[PDB]
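Provided herewith is a single structure, encoded as structure tokens, for subsequent inquiry.
Labels below follow one simple rule: chain letters A, B, ... track the order of the sequence lines, proteins then strands, and each chain is numbered from 1. The basis for the numbers below is simple: all heavy atoms, side chains too, and nothing from hydrogens, waters or symmetry mates.
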Amino acid sequence: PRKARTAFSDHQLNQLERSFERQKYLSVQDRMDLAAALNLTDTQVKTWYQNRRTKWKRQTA
DNA sequence: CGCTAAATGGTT
DNA sequence: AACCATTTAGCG
């Protein structure tokens, strides 16, 4: 039992990256606001942010 | 294969 | 509950 891989829209990727350039971390309230704005789940936004921080560390190494 | 979403197991 | 480090795995 596995979740289908979300395919993010161009609009969703654009707004997640904008969120990340403004704030490396999100409060619970900012995370839930972002998910609602993008029509994603809280956990999909929490996962994108986590994986984005992993990417951020590798490309600043 | 590379990028990156989701899962695993640990940390805090 | 959320994050971290790493692994697993889907898709272009």
Are OP1 or OP2 of C:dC4 and a side-chain N or O of A:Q50 less than 4.0 angstrom apart? yes
A:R2 has its side chain closest, among C:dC3, B:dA7, B:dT4, to B:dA7
Distance check: side-chain N/O of A:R5 vs OP1/OP2 of C:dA9, anything under 4.0 Å?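 No, because none of the side-chain N or O atoms of A:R5 sits under 4.0 Å from OP1 or OP2 of C:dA9.
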So what does A:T47 hit on the nucleic acid, given a heavy-atom distance under 4.0 Å: a base, only sugar-phosphate, or nothing? base
Integer-rounded Å distance: B:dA5 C1' and A:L16 CG: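 Rounding to the nearest Å, CG of A:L16 and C1' of B:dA5 are 12 Å apart.
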Does A:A4 reach a base, just sugar-phosphate, or nothing at all? Heavy atoms under 4.0 Å. sugar-phosphate
Nearest to the side chain of A:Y25, heavy atoms from C-beta on, is which of C:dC4, B:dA5, C:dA2?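 The answer is C:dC4.
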If I take atom NZ in residue A:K24 and atom P in nucleotide C:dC4, what distance separates them, rounded to the nearest angstrom? 7 Å
First locate atom CD of A:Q44, then atom CG of A:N39, and finally report the distance between them rounded to the nearest 0.5 Å.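 Rounded to the nearest 0.5 Å, the CD-CG separation comes to 9.0 Å.
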Nearest-Å distance for atom pair CG/P, residues A:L13 and C:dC11: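 About 16 Å, once rounded to whole Å.
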Classify A:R58 by what it touches in the nucleic acid, base, sugar-phosphate, or nothing, heavy-atom distance under 4.0 Å.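 A:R58: base contact, heavy atoms under 4.0 Å.
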Identify which nucleotide among C:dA5, B:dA6, B:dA5 has an atom closest to any side-chain atom of A:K3, counting heavy atoms from C-beta outward. B:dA6
Can you see which heavy atom on A:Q12 is nearest to which on A:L38, and at what distance?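 The answer is NE2-O, 2.9 Å.
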A:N51 atom CG is separated from C:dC11 atom P, nearest whole Å, by 16 Å
Do A:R18 and A:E21 come close enough that some side-chain heavy atom pair is under 4.5 Å?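 No - every pair of side-chain heavy atoms lies 4.5 Å or more apart.
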A:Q44 CD to B:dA5 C1': how many Å, rounded?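 So the CD-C1' distance, A:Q44 to B:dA5, works out to 10 Å.
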A:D42 has an atom CG; how far is it from atom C1' of C:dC3, in whole Å? 16 Å
Where do A:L26 and A:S19 come nearest, in terms of heavy atoms and distance?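 Scanning both residues completely, I find the closest heavy atoms to be CD2-OG, 3.9 Å.
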Between A:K57 and A:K46, just flag the one whose closest nucleotide in DNA chain C comes earlier from the 5' side. A:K46
Any N/O donor-acceptor pair, A:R52 side-chain to B:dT4 base, under 3.5 Å: no
So do the side chains of A:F20 and A:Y49 get within less than 4.5 Å of each other, counting heavy atoms only? yes
Rounded to the Å, how far apart are A:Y49 OH and C:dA1 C1'? 18 Å
Applying side-chain contact (heavy atoms from CB on, under 4.5 Å) to A:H11 and A:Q15, what does each step give before you reach the verdict? CA-CA 6 Å; A:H11 183 253; A:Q15 289 303 155; 3.7 Å; yes
Indicate whether OP1 or OP2 belonging to B:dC3 is found under 4.0 Å from a side-chain N or O atom of A:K55.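 No, outside the criterion.
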Between A:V28 and A:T54, name the one whose nearest nucleotide on DNA chain C is closer to the 5' end. A:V28
Per atom distances to the A:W48 side chain, the nearest of B:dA5, C:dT6, C:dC4 is B:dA5
Calculate the interatomic distance between A:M32 atom CE and C:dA1 atom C1'; express it in whole Å. 14 Å
